[PDB]
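In the block that follows, a single chain appears as C-alpha cells, in the form solved without ligand 9F8.
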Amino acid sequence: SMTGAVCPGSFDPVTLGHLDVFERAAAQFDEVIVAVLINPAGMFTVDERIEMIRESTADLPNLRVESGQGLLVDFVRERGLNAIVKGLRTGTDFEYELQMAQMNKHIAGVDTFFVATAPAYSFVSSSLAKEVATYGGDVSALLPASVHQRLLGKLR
C-alpha cells in the first residue's frame, strides 16, 4: 500500500499542461515527486522553477518537488521508487519517449507510465510560451497565475 511515481522534466517554466499531469499522477499514486532537471541554459533558475511548481501544487498533499541531476533512473531508485509518469501530446512524442522508457526499464527496472495531455493544452510547451511572450504575444491563459507574472518580470 505504498505506491509512488516520479514526474521529471525541465519545467522552464511549468505550464498548465504539466500541472495537469502532476494532479493526475497525484490522484493515482500514494506519493509523487516532481523532479526538476538541473542542466549545465534556462530562463528560470532551478530554485525559481521549484518555487513556481510548489505554489501551483499546494493543494496536492502527497506531492513534493526536488531538483535532480544525472541518470533519471538513479534519482528514482534512490528514493525507493520505480515508476516515472510523463505526459504525451502526440504520436511522435510517444516515439521519442518510448526509446527512453524501454532503455530505463532495461538498465534499472524502472517503469514509465504515460498520460495523454488535456486537449485544451495540446499545443502548449514551455518553449513556445516563452517565444511568443518574448515577441509580445499573450500567453496568460496557458501558464499558471504563479508563473505568468514571474515570466513578465523576466522579460521586463
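Position 1 is the first residue in the sequence shown; the rest follow in order. Throughout, rigid core stands for the largest set of C-alpha atoms superposing within 1.5 Å between the two forms.
- Here the rigid core sets the fit, and in 9 other deposited structures of this protein the C-alphas of 93-101 stray farther than those of the other stretch, out of 93-101 and 30-38.
- Larger average C-alpha displacement in 9 other deposited structures of this protein, relative to the shown form after a rigid core fit, is seen for 83-91 when comparing 51-59 with 83-91.
- Gap check for residue 40 to residue 41: 1 to 3 deposited residues are absent from the model.
- According to the PDB record, 138-146 carries the higher mean C-alpha B-factor of the two stretches 16-24 and 138-146.
- Note on 42-50 vs 115-123: mean CA B-factor is higher in 42-50.
- Note on the listed residues 62, 102, 67, 92: the highest Cα temperature factor in the record is that of 92.
- Ranked by C-alpha B-factor against the other modelled residues of its chain, residue 151 falls in the middle third.
- Per the deposited record, the Cα B-factor of residue 58 falls in the highest third when ranked against the other modelled residues of its chain.
Although not depicted, the form solved in complex with ligand 9F8 is the subject of the following passage.
- When contacts are judged by a 4.5 Å heavy atom cut-off, residue 4 does not count as touching ligand 9F8 in the deposited bound form.
- Within 4.5 Å of any heavy atom of ligand 9F8 in the deposited bound form lies no heavy atom of residue 146.
- When ligand 9F8 is considered in the deposited bound form, residue 117 lines it closely, a heavy atom lying within 4.5 Å.
- Among heavy atoms of residue 77, none comes within 4.5 Å of ligand 9F8 in the deposited bound form.
- Contacts with ligand 9F8 in the deposited bound form, taken as any heavy atom within 4.5 Å, map within 67-100 to 85, 86, 87, 88, 89.
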